[PDB]
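Next comes just one chain, in structure tokens: the form deposited in one PDB entry.
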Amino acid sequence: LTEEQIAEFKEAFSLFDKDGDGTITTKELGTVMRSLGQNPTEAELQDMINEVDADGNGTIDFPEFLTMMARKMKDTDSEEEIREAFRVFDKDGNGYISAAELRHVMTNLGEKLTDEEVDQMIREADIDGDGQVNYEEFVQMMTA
């Protein structure tokens, strides 16, 4: 775990802070983890509530927090997860998927997206202007 990594996690944990003392409410730990780029499941979050023991008031101190990020950060690998999630709609062996295939996928899995937001991104990814998309490339362009 990098020293740089703790700097941002200290900063994130300053806010959400109740009593302004160093206690973070249990339920919000879920929220804070989701902001810091890790998506733990409904069950996996209960692991951190038990694995780091919980006995009522407080007990979710800052040291407990970056322990889980460490744990959770290890067993999850985000860029391959997104690549994996775009290959299922590959069906053709080749890296590209149809722009219509993409649009359909982005509508369904973008819950708080708008039609124009989805239209704009299908144009941006369609560099070639043919109606095919490099799914990796498209990821590449929304990682900037």
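Start at 1 with the first residue shown and count on from there. Residues that one form lacks are left out of the comparison. For clarity, a rigid core is taken as the largest C-alpha set superposing within 1.5 Å between two forms.
Heads up, the form deposited in another entry isn't pictured, but that's what we're talking about next.
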Which residue in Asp119, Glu84, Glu51, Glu28 stands out, with a C-alpha shift of 2 Å or more between the shown form and the other one when both forms are set on the rigid core? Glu51
Do you see a C-alpha shift of 2 Å or more at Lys10 between the shown form and the other one, with the core held fixed? no
Relative to what we see here, could you say if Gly129 and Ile122 have their Cα atoms closer or farther apart in the other entry, with a change of 3 Å or more? farther
Since the C-alpha distance between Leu113 and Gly129 changes by 3 Å or more in the other entry, give its direction relative to the shown form: closer or farther. farther
After aligning on the rigid core, stretches of three or more residues with every C-alpha displaced by 2 angstroms or more between the shown form and the other one cover residues 18-20, 50-54, 126-131
